[PDB]
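Asker: Dropping a structure here in structure tokens format, bear with me for questions.
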Amino acid sequence: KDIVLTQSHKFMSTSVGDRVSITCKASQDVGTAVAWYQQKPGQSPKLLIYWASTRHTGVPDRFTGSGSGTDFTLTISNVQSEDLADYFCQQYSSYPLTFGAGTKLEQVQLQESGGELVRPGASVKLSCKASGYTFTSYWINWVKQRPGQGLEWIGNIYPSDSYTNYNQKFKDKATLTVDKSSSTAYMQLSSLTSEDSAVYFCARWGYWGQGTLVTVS
């Protein structure tokens, strides 16, 4: 059974200066293979914490993470205006990678392209141009985010040899490939329906692309 992460507060209210804690409980033991992300409207998720309690490069000391096993916590000590955003936990213990549903608090580069209007039933090809690091040394992941909804992992690919892993839910709907020469990863989706309309992100450890919007209509 897929690992389910539960963040019990879709919304949390706070005031500038306050301390806030958001929790995430895993349906299964995930060791400390948990990451926390911040995401603001119209922007891509930003990595805050990984391995449950390690702060990512450039994240203010205001953010701390803790926990192991099934219970994890993200704490922001002295809330600032710029911290008002959605927060998501994610586990990377085993496939399929999964995310919590989100809590709304109130030189590496990946450039995506390809998103547009597409006719139902047809196919679309999304691209993700990687730069600023060695393309063949990091797994590239693709994630789907339907407007106003949460994150769903589609699958990943190792560029050196194109080994792939797919979320069973997407096993034939999508195919992942790369072009080593231009450092770009691609994802093609077939038999499109409105359930496929969404923003699609490519991401490697630590960095997400800006997202590309696919609209089936």
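Methodologically, a virtual Cβ is constructed for each residue, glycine included, from the backbone with ideal geometry; neighbour enumeration extends over all protein chains shown. Nothing in this text is a laboratory measurement; each read-out follows from the coordinates by a stated rule.
Asker: Dipole of the chain, Cα-centred, from +1 at each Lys and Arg C-beta and -1 at each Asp and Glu C-beta, to the nearest 20 debye? Walk me through the numbers before you get to the answer.
Answerer: Values: 19 positive and 17 negative charges, 36 e Å.
That gives the chain a dipole magnitude of about 180 debye.
Asker: Continuing with the same structure: Can you list, bin by bin at 10 Å, the percent of alpha carbon pairs in region 110-208, starting at 0?
Answerer: The calculated distribution, bin by bin, is 16, 52, 28, 4.
Asker: Using amide H atoms built in the peptide plane, which far-off residues or other-chain residues are under 5 Å from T98 H to H?
Answerer: Long-range HN contacts for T98: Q91.
Asker: Could you give the C-alpha radius of gyration of the chain expressed as a fraction of 2.2 N^0.38 Å, taking N as the number of residues it contains?
Answerer: On the way: Rg = 17.3 Å, N = 217, 2.2 N^0.38 = 17.0 Å.
Compactness ratio reported: 1.02.
Asker: Run a plain Debye calculation on region 2-109 (Cα atoms as equal point scatterers, no solvent) and give log10 I(q)/I(0) at q = 0.12, 0.13, 0.23 Å⁻¹, rounded to two decimals, same order as the q list.
Answerer: -0.36, -0.43, -1.31
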